[PDB]
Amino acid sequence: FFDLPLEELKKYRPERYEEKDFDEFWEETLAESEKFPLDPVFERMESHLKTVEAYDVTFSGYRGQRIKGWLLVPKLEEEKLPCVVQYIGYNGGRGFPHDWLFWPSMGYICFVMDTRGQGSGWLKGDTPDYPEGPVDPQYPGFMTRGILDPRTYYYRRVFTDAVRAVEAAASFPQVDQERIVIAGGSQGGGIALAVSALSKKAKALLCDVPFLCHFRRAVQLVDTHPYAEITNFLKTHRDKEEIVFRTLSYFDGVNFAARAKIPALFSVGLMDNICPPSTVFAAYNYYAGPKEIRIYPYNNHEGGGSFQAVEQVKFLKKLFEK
């Protein structure tokens, strides 16, 4: 227990920092990318999978750039199925179709979005990043890539891809548009949180041990990666503090949370030193839609693990009967 006590976490609502053009920045970003056709493509693949049909996905994300993914459809009688759009943790990528059997086995179509330029840490990826011309001086990793200007910042592109991933999922014929869920843990959680504010198609949010929240506090509290990439950039570029946090404010899950309206299930580990509880609760507490949080007092970044998976299935079942 290195963070605020739980009684204080439950009330923690730090003063939010955002620029006055926060919304306009996102409106312009999405409008510019909507000018390119989504051109979603689903290509059935040869697989040893027997209970699921697997498709190679391609769609246009940020600025028409082609993003890969998987679509896993469980072999069931129902003509329309509910659907989970799944975002991936830091240094991960879409891997193989059989890496994502959980939701299909629970009777949900699952759209897994590959993460541009990552896919080399713990699971392979196939989607490149495409920068806005020059790739500035940065610290190793993604956290500081383009960080001196929100228009060039890496997560501008990722978030836009993620919003478009929902539209691509929605274009698949047996996807029930009334039951599209956006889901992620860690980086995936932070991507999902941004999507829960920017997407018009998402109906529910699953958001575990979210990353990309309350940056200024994160960097103060922990010296773990990936948040430490920002700290290390700041150690060297000592004249850039104000600029760095200005940029980051446009991508902070706390600011997106204040705008999200769809129902949400959060989870948090009180001993999580990768995504500290105070950063997660800051997001949760500002989250503007109907919400619940599962608190795992003795867990680190693993969170509630399989226990939380059970909670997520129960939560959605109940949500989509009401």
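Residue numbers run from 1 along the displayed sequence.
- For the two regions 304-312 and 7-15, the entry's Cα B-factors average higher over 7-15.
- Two stretches are in play, 185-193 and 71-79, and the higher mean C-alpha B-factor belongs to 71-79.
- In the deposited coordinates, the residue among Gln86, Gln177, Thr231, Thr224 with the greatest CA B-factor is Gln177.
- Per the PDB record, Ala260 has a higher Cα B-factor than any other of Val57, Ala260, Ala283, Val268.
- Among the modelled residues of its chain, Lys201 has a C-alpha B-factor that falls in the highest third according to the deposited record.
- Among all modelled residues in this chain, the alpha-carbon of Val52 has a temperature factor (C-alpha) in the highest third.
- Remark: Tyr155 belongs to the lowest third of its chain, ranked by C-alpha B-factor as recorded.
- For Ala31, the recorded CA B-factor ranks within the highest third of the chain. Only modelled residues enter the ranking.
- When the modelled residues of the chain are ordered by C-alpha B-factor, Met45 sits in the highest third.
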